[PDB]
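S.K.:
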Amino acid sequence: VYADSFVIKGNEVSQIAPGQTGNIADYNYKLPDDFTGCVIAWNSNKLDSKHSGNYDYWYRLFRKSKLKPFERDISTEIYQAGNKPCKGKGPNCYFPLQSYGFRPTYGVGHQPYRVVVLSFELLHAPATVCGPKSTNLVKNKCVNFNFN
Amino acid sequence: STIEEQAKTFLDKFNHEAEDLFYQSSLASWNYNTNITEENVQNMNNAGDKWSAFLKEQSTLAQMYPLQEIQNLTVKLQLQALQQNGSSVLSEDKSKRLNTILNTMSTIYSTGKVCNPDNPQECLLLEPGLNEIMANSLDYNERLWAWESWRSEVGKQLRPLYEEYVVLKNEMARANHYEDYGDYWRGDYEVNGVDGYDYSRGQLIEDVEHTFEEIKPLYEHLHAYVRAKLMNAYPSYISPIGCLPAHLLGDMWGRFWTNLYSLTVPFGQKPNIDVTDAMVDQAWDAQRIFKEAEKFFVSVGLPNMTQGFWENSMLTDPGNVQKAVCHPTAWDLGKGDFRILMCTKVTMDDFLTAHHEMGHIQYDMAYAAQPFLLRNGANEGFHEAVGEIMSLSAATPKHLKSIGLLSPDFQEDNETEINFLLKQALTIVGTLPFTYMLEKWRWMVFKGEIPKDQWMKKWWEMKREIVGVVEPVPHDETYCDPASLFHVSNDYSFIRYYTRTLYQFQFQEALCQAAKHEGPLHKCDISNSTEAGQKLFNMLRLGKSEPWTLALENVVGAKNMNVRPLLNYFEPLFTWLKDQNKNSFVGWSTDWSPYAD
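If you're matching them up, the sequences are chains A and B in order.
Per the UniProt record's numbering, the first sequence runs over residues 395 to 482, 484 to 527, 529 to 544.
Here the UniProt record's numbering = 1-based position in the second sequence + 18.
#1: Using 7 angstroms as the threshold, is the C-beta distance between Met579 (chain B) and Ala569 (chain B) below it?
#2: Quick check for students: name the residue ranges of the beta strand (DSSP E) that lie wholly in the segment 396-471 of chain A, counting only runs of 3 or more.
#3: Quick one, are the C-beta atoms of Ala304 (chain B) and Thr334 (chain B) less than 7 angstroms apart?
#4: Report the residues of the segment 321-355 of chain B with a CB closer than 7 angstroms to any CB of chain A, ordered along the chain.
#5: For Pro612 (chain B), does the count of other Cβ atoms within 10 angstroms reach 16, so buried, or fall short, so exposed?
#6: Is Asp382 (chain B) close to chain A? Criterion is C-beta to C-beta, closer than 7 angstroms.
#7: Which of the residues in the segment 499-511 of chain A, read from start to end, lie with their CB under 8 angstroms from any CB of chain B?
#8: If we ignore side chains and look at the alpha-carbon of each, how far apart do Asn149 (chain B) and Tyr501 (chain A) end up?
#9: Are the segment 500-514 of chain A and the segment 94-101 of chain B touching by the rule of at least three beta carbon pairs closer than 8 angstroms?
#10: I want to verify the contact list: residues of chain B whose CB lies under 8 angstroms from the CB of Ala475 (chain A), in sequence order.
#11: Would you call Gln300 (chain B) buried or exposed, if buried means 16 or more other Cβ atoms sit within 10 Å of its Cβ?
#12: Exposed or buried, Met82 (chain B), counting other C-beta atoms within 10 Å across all chains shown (16 or more means buried)?
#13: Give me, in chain order, the residues of the same chain whose beta-carbon lies closer than 7 angstroms to that of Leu456 (chain B); leave out the 5 immediate sequence neighbours on both sides.
#14: Using CA coordinates, which residue listed in B:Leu186, B:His401 and B:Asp67 is at the minimum distance from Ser109 (chain B)?
#15: So, is the C-beta of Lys31 (chain B) closer than 7 angstroms to a C-beta in chain A?
#16: Run through the DSSP bridge pairs and tell me what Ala348 (chain B) is partnered with.
#17: Does DSSP put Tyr495 (chain A) in a helix, in a strand, or in coil?
#18: Which residue's Cα is closest to the Cα of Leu418 (chain B): B:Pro235, B:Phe369 and B:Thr608?
#19: Whole angstroms is fine: what's the gap from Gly448 (chain B)'s alpha carbon to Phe274 (chain B)'s?
#20: Please give the ranges of any beta strand (DSSP E) in the segment 181-239 of chain B, keeping only runs that are unbroken, at least 3 residues long and fully inside the region.
#21: Can you give me the Cβ contacts of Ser507 (chain B) inside the same chain, cut-off strictly under 7 angstroms, excluding the 5 residues immediately before and after it?
#22: Contact criterion: CB-CB distance below 7 angstroms. Does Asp38 (chain B) meet it with respect to chain E?
#23: Mark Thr519 (chain B) as exposed unless 16 or more other C-beta atoms lie within 10 angstroms of its C-beta, in which case mark it buried.
#24: On the three-state DSSP scale, how would you describe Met366 (chain B)?
#25: Indicate whether at least one CB of chain B lies closer than 7 angstroms to the CB of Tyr423 (chain A).
#26: Start and end of the beta strand (DSSP E) containing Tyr83 (chain B)?
#27: Name, please, each residue of chain A whose Cβ falls closer than 7 angstroms to the Cβ of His34 (chain B).
#28: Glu495 (chain B) and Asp471 (chain B) - do their beta-carbons sit closer together than 7 angstroms?
#29: Please report the distance separating the alpha-carbon of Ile259 (chain B) from that of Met249 (chain B).
#30: Looking at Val318 (chain B): is its Cβ nearer than 7 angstroms to the Cβ of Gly130 (chain B)?
#31: Is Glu398 (chain B) near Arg219 (chain B), with beta carbons less than 7 angstroms apart?
#32: Three Cβ pairs or more, each shorter than 8 angstroms: is that satisfied between the segment 233-253 of chain B and the segment 428-447 of chain B?
#33: Spell out a yes or no on whether the segment 529-547 of chain B and the segment 203-212 of chain B are touching, meaning 3 or more CB-CB pairs, one atom from each, closer than 8 angstroms.
#34: Please identify, using Cβ separations under 9 angstroms, the residues of the segment 447-462 of chain A that lie next to chain B, in order along the chain.
#35: Just list the beta strand (DSSP E) runs in the segment 432-474 of chain B, keeping only unbroken ones of 3 residues or longer that don't cross its boundaries, in chain order.
#36: Sorted by chain position, which residues of the same chain lie with C-beta nearer than 8 angstroms to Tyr449 (chain A)'s C-beta, five sequence neighbours on each side aside?
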């Protein structure tokens with residue numbers, strides 16, 4: 395069982411679903427067409443908030459291609475959009492990572508939300524992770541029993 | 019790669035980097051307007067300097083994207099809006115001098131006081147001053163003095179400053195590939211690129227003149243009806259065939275004729291509709307007014323408000339050492355933050371001002387999904403029209419009776435309807451000819467067809483020709499009276515008011531015809547109707563990415579402005595005025611003057 399967690403805005407919650415496109419579901423984290431898991435999210439506005447801007451969360455926005463399902467990318471290169479070679484930040488050279496800056500004075504869709512994804516795996520291996529149901533014991537009676 | 023992808027990337031990055039700065043500037047402005055302290059002033063100045071530096075570093079950099087190679091309409095419009103240089107084409111010395119002149123004129127206009135001639139120690143302010151004096155007064159000499167001293171004290175120290183301001187504006191217009199300031203003002207009503215929806219800066223003047231040619235008879239009849247009672251009000255003062263004095267229109271400038279309702283009442287024996295006593299007896303407050311406004315706006319098919327709208331807005335005057343401005347303004351801070359600053363009292367005008375502010379907030383929330391460069395209305399007076407079409411619907415006797423403010427034993431007669439129509443006319447039509455004359459005079463001054471030694475002469479000629487008002491005392495070319503107005507001294511336009519006055523009636527007729535209303539037009543009500551709400555939301559969601567012509571055609575089915583709604587609304591009042599003036603005289607002579615005898 396794998397547990398994936400990330401922090402996004404209130405409007406980007408609908409993008410985390412099998413069969414969705416955009417910026418977060420195509421450049422930061424993409425889900426495959428088939429995924430037998432659960433998506434859990436909640437409001438964390440009062441937890442992750444600070445006055446004068448909270449510039450601690452980053453995200454990838456500009457890239458040359460898209461991300462495959464279950465792919466990691468921690469590249470910090472300079473994106474190129476023209477025909478001239480990259481020689482530092485300037486014309487046609489922008490930083491791929493941007494900050495959010497969450498504040499407790501925003502609306503209802505511009506708040507930080509913590510989303511947790513749980514992935515299940517079943518291969519040719521013993522299953523030591525099960526789920527939960530025990531009753532009492534009676535004696536001197538013709539009853540039905542079940543001992544493991 | 020291509021230029022379109024780079025342009026879209028640059029626009030997205032600009033929006034992402036400017037949204038936070040705009041939010042910070044709005045928060046600083048809100049903190050300055052809520053609490054007047056030195057720290058708030060410093061924070062507002064710092065935010066303004068940062069925004070100016072951002073606009074400077076973003077300008078003169080996006081010029082690498084030609085407009086002749088862009089095929090997308092939205093991208094082309096955004097690039098054209100971002101490539102506007104502005105006052106940066108001039109030198110630093112000229113810009114500094116212009117800013118100094120602007121600050122000096124603002125300080126002079128904001129600091130005004132008139133002292134008594136017989137007692138130099140008795141100096142009165144403006145608002146606890148000449149405004150309250152002209153509000154309630156029954157003397158001729160007092161109003162004449164309050165007009166003459168006002169137009170002579172604050173109307174003789176702004177002539178060369180205004181001349182230099184006009185010269186600098188003309189130079190800036192000629193430097194930005196324009197003709198004059200009038201072209202820069204009319205450039206907002208320009209749509210190029212879409213076939214069948216083009217609009218130039220010359221057709222608007224023709225349409226305004228064509229509408230004025232039909233409005234003029236109604237204004238003449240109204241002026242005759244007003245003079246018929248003004249002759250009996252002030253004996254030996256009003257001429258039977260002459261014009262009217264400038265210090266008797268109701269206020270200092272004579273823009274609104276609301277103060278003349280007490281003297282021009284058709285039937286004084288009939289009671290008036292005052293829901294103030296009912297609200298005092300029921301012990302209401304601003305919260306109840308806002309709740310009623312919300313229930314009214316939701317019943318037509320509009321979403322509810324947010325929690326921050328109620329937990330962050332200031333809807334009650336604190337009444338303490340903390341000073342604030344009680345001017346009702348709509349604020350759009352962004353990121354889902356909408357606040358209203360208003361000192362709401364238990365009166366009748368506040369009940370309509372709350373609905374106006376709620377309509378402004380709904381309009382601002384309508385285009386919340388548009389990009390940062392498109393979060394604006396299709397026209398300047400569009401927000402005011404959307405607010406007025408709701409304020410007039412909320413000010414109907416049926417709506418007040420359905421909520422329990424009016425007694426069920428009220429018998430609606432014809433005299434009450436005539437009085438209501440006259441009160442609405444003296445407020446709506448009483449400002450259209452003056453606005454048109456002032457706008458035409460400003461356009462002729464900015465164009466350069468009027469010599470410098472004939473400004474006041476042409477001003478008084480246009481006055482006596484359009485408005486029909488003669489001055490009590492002749493003034494030479496040393497005065498600067500036309501520049502004594504707030505909108506004139508702060509670089510504001512006036513065609514927006516006329517466009518809003520037309521669009522409000524157009525939208526009212528559209529909504530009353532779409533809701534399948536039967537009977538008179540002044541008895542129409544858009545309450546409990548989802549079709550009209552959906553039809554309005556289908557147009558408010560456009561914002562600024564679509565031309566105003568298409569948005570108007572999708573609502574009323576027309577591309578240009580029309581005056582038929584106003585005529586259909588005032589037909590009963592017009593017939594009543596004609597029946598009353600059948601035994602009276604219509605017209606006025608421009609040769610008569612109070613200083614002729």
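Beta carbons: idealized from backbone N, C-alpha and C, even for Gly.
M.R.: Reading from the atomic positions:
#1: no
#2: 396-402, 432-437 and 452-454
#3: yes
#4: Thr324, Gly326, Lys353, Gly354 and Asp355
#5: buried
#6: With 7 angstroms as the cut-off, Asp382 (chain B) does not count as an interface residue toward chain A.
#7: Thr500, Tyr501, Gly502, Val503, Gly504 and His505
#8: 41 angstroms
#9: no
#10: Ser19, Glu23, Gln24 and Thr27
#11: exposed
#12: exposed
#13: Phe512, listed in sequence order.
#14: B:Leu186
#15: Closer than 7 angstroms to some Cβ of chain A, the Cβ of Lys31 (chain B) qualifies, so yes.
#16: B:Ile358
#17: coil
#18: Selected option, being the one with the closest Cα: B:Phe369.
#19: 6 angstroms
#20: none
#21: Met123, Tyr127 and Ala501
#22: Chain labels in this structure do not include chain E; the protein chains are A and B.
#23: buried
#24: coil
#25: No, its Cβ sits nowhere closer than 7 angstroms to a Cβ of chain B.
#26: Looking at the DSSP string, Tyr83 (chain B) is not in any beta strand (DSSP E), and its letter there is neither H nor E.
#27: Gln493
#28: yes
#29: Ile259 (chain B) and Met249 (chain B): Cα-Cα distance of roughly 10 angstroms.
#30: no
#31: no
#32: yes
#33: The segment 529-547 of chain B, when compared against the segment 203-212 of chain B, does not touch it at the 8 angstroms Cβ threshold.
#34: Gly447, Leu455 and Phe456
#35: None, since the segment 432-474 of chain B contains no complete beta strand (DSSP E) of that length.
#36: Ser494, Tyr495 and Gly496
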